Amino acid sequence: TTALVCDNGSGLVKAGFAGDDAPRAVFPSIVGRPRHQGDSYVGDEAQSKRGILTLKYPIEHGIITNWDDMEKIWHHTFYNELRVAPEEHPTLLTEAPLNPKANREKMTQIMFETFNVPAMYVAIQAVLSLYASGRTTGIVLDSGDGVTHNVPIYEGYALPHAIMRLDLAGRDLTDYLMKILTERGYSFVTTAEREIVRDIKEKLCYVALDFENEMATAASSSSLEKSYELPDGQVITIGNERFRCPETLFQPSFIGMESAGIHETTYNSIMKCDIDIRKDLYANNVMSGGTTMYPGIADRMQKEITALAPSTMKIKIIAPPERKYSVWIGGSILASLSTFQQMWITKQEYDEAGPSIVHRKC
Amino acid sequence: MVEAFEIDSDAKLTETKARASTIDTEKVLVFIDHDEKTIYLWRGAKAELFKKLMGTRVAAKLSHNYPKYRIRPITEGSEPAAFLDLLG
Ligand SMILES: Nc1ncnc2c1ncn2[C@@H]1O[C@H](COP(=O)(O)OP(=O)(O)OP(=O)(O)O)[C@@H](O)[C@H]1O
Ligand SMILES: C/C1=C/C(=O)O[C@@H]2C[C@@H](CC[C@H](C)/C=C\CC1)O[C@@](O)([C@@H]1CSC(=O)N1)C2
Ligand SMILES: [Mg+2]
């Protein structure tokens, strides 16, 4: 009778039981296959053999694109990670902003017809993160492994006409750090070496408040350079790579994208909303996702938004300590609300209407 | 004339008196300004998510009584001047 919460990311699955403080199961959203003879392994079991296996990510840029492999991830989630029978548990799932209607229907079809869930619900990831912050109005910056979104939300509901999508997130930043590390003579190329650079990115990168000055003083700076110990015991040293990497979020041309940066897409998103709610959005900028973890990102965002907004506008950037999992925590909170029990889509209702019911109740 | 309600922690709607001291950071309140055909939904800074969610639902039902009134969600610390004059 306990509800399940599953947040399917491009990089990581966050799954657990409604009412838990945090996701019990966090594991890679991959399916690996051995190269020879042209079975499969899911999640942690795929990475444990990352050498002999070819990896596929079933979710790309937050959108499910490989449904057979997605089914394996859901089966793995239920039976291996959570150790439940899905037909016994209402299941709350998440989706990306602007998820196509056919995808939402397919997800519902699979949950009821393949896994026989007794009930389910699909919620927008950014909406859950706002709820987790204690708000029903605000604008969320959700940046994970595969996609970044700006999502304005008013009185509980996202405004899809004003949502911005940016195909720039943590995986692209890791790839960029790999590239600029060649300037110090370092070669990181393989899948495993990419994982090392991801860890370097997470441990040593930060967002400069004034990028241009940070660059110009990088030479004379005593404390910019940091060391990192590799698995084999070898040490590397990096300097301005620490902040050039996540600067890409504000200057996507660093990787050859001419999209605006996340500060500008935040502004553009707000400007597509009605004048009378912009003040509420400026005062409630909530960040979520692993790629908003960089030290300094909130202060830089405050600075940039202030330069674009009206001079008298109250601006506040909220970066919760739990933002790596706030989407999941929001779903735990929602699925535990007594008022939400009417919002579940039951098997009875699916058998009557079919997958189209998800558009009406979600 | 002006009325004032409160959305409780146990979901009820209760009337309250509609001036100055009723404001408190942990409440969600509704004020009906008949002169301006406006329903103010006031949320305090420390209002828990589930009163905010239900404050939206309470304002919508009260608005069934006055279907052409304007519904204006407002927040502690940044209320419109018209609202401020309304109470003090
Ligand atoms: N401390 C950190 N600093 C910088 N980046 C981090 C940190 N922790 C995690 N990340 C990055 O966040 C990404 C994973 O975050 P998250 O789980 O929110 O993504 P996701 O939800 O799987 O992807 P998406 O939401 O884009 O589909 C990875 O790229 C990881 O490198
Ligand atoms: C600890 C951890 C973090 C993460 O975000 O991992 C996810 C999922 C992972 C899947 C491949 C990896 C070999 C398996 C598990 C690593 C999971 O790919 C990522 O590392 C990708 C590749 S590099 C990067 O920055 N994002 C992100
Ligand atoms: Mg995510």
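Here is how names work: the chains are called A, B, and so on, in the same order as the sequence lines, proteins then strands, and each is numbered from 1.
- Using a 4.5 Å heavy-atom cutoff, the side chains of A:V197 and A:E193 are not in contact.
- In this structure, B:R57 does not pair ionically with A:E155, as no charged nitrogen and carboxylate oxygen lie closer than 4.0 Å.
- Legend: residues meeting ring-ring contact (aromatic ring centres under 6.0 Å, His included) with A:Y57, ordered by chain and number and at least two apart, are absent.
- A salt bridge is defined here as a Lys NZ or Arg NE, NH1 or NH2 lying under 4.0 Å from an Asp or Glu carboxylate O, and A:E241 with A:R184 meets this definition.
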Side chains of residues 303-317 of chain A: which donor-acceptor partners sit under 3.5 Å, not counting sequence neighbours?
unit_1 : atom_1 : unit_2 : atom_2 : d
A:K303 : NZ     : A:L209 : O      : 2.9
A:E304 : OE2    : A:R300 : NE     : 2.9
A:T306 : OG1    : A:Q302 : O      : 2.9

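- Applying the ring-ring contact (aromatic ring centres under 6.0 Å, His included) test to residues at least two apart or on different chains, none of the pairs has a partner in residues 139-160 of chain A.
- Here A:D20 pairs with A:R24 in a salt bridge; the nearest charged N to carboxylate O distance falls below 4.0 Å.
- Taking the charged nitrogens against the carboxylate oxygens, A:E95 and A:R104 do have a contact shorter than 4.0 Å, which makes a salt bridge.
- Remark: A:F188 CZ is packed, more than 12 non-hydrogen atoms of other residues, nucleotides or ligands lying under 6.0 Å away.
- Between A:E247 and A:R244 there is no salt bridge, since no side-chain N of the basic residue sits under 4.0 Å from a carboxylate O of the acidic one.
- Expressed to the nearest 0.5 Å, how far OH of A:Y325 lies from OG of A:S288 amounts to 13.5 Å.
- Atom CG of residue A:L53 and atom CD1 of residue A:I30 lie 8.5 Å apart, to the nearest 0.5 angstrom.
- With a 4.5 Å cut-off on side-chain heavy atoms, A:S29 and A:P58 count as touching.
- Annotation: the span from B:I7 atom CD1 to B:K27 atom NZ amounts to 11.5 Å, rounded to 0.5 Å.
- Atom CZ of A:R165 is surrounded by more than 12 heavy atoms from other residues, nucleotides or ligands within 6.0 Å.
- You'll find the side chain of A:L224 reaches within 4.5 Å of the side chain of A:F243, heavy atoms only.
- Residues A:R135 and A:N284 bring a donor and an acceptor atom of their side chains to less than 3.5 Å of each other.
- Taking a cutoff of 4.0 Å between a charged side-chain nitrogen and a carboxylate oxygen, B:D33 and B:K37 do not qualify as a salt bridge.
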